């Protein structure tokens, strides 16, 4: 059909949300001493790296960035969003024990990737807090998870999927919502 996709973050809205999140992290943590950013999912990781650069531009101190590499699966033959995270690997360049780790997710949906992210962190260390920054929160949580920082709330139905494009993997910055 026609009009079965819409842009929910254009490039400027992306850049503004990141900048907002950067400020929010700084205000809430009262600086970024002992903060570590950790990206989840391929685009969450690129977002995390943008976020750390933005925070560095604000504070003049680097923020370390790590990644948790997760692939999502389903237990059935349905075509519907994959909801089972499998953690493939981790790379965090610093110790996270007694640090505030900020998980960075492109789209908060079921919360299921976030939960695997939290456990993955707990396998590497004992942070004092795990916080969650997300570019989009589309609701329909399946676990009791919520974001500390949200670029945009986007109401959705379970039939819709959110497509995130970023320059680093997709050669354009855009978030879109699609029926089906």
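Residue numbers count along the first chain shown, from 1.
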item	value
Residue stretch of maximal mean CA temperature factor, 53 to 61 vs 120 to 128	53 to 61
Stretch with the greater mean C-alpha B-factor as recorded in the entry, comparing 152 to 160 against 18 to 26	152 to 160
104, 107, 92, 72, ranked by C-alpha B-factor: the highest one	72
Assigned third (lowest, middle, highest) for the C-alpha B factor of residue 42	middle
Residue 33 by Cα B-factor - lowest, middle or highest third of the modelled chain	highest
